[PDB]
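As structure tokens, the next two blocks hold two forms of the same chain, structure 1 and structure 2.
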Structure 1
């Protein structure tokens, strides 16, 4: 009933085959969740799950630190620049001073993602600019 396959790529965006492993990773994150947080501390950028060209997913955890690696299992370490901490700050600002279709932190793109309506980036460029938010940690989307 390739309607499963077709549909899973159709709405879940994955394949009946490429599911288990994803979940296996789903499960690995939950767990090494408390650890990774502790291990990196407040350098701790944030953490997410990426895909491997081989079409497999992989849990990445990021540090606004420098430990180019770690001892945990299945956890890929990736040294970002800003830290979930610092990032939140901007978000205080992005709110302090608040087309802007909603802003918010996002560690995959190591910064606070500001969202605006096509034809609005001018809104944000502005918005963030009034917001007092250090642009290096901002990232207008549309």
Structure 2
């Protein structure tokens, strides 16, 4: 009820769109492990995504050639790097920081098939030096400017 207002106000989810969204949220939860099991070593993550028309969908990425899934309701997206590859780059970044003015945060981002390094507006250079010293493959990492400060 009072949550519907917030959902419509902050997420643009109108009452009639609630059921389909909920069905997708549940599907993402119930099928997560099954999707990972199916894509094997080439698994590249899964997430709930909103379509331009307002509907929601479950997307699963793979670094393989697979173009479909045995489980229904799953859109397969072909990407370059596997989750394992991105996770390795992520660990390198953690290690680099463990031994960073301007760098806000970093994380594996399956939706963009890359490890994201957020930096304060105007600190991209700091992000560049960080990635370089970390020894992370620059092709697997993407620097993104972020307003404000952590």
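Here, rigid core means the biggest group of C-alpha atoms that superpose within 1.5 Å across both forms. Numbering follows the first chain given and starts at 1.
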query: Cα displacement of residue 7 between structures 1 and 2 reaching 2 Å, rigid core superposed; finding: yes
query: Large Cα move at residue 121 between structures 1 and 2, threshold 2 Å, rigid core; finding: no
query: Rigid core fit then residue 25 CA moved by 2 Å or more between structures 1 and 2; finding: no
query: Between structures 1 and 2, how far the Cα of residue 16 shifts once the core is aligned, in Å; finding: 2.9
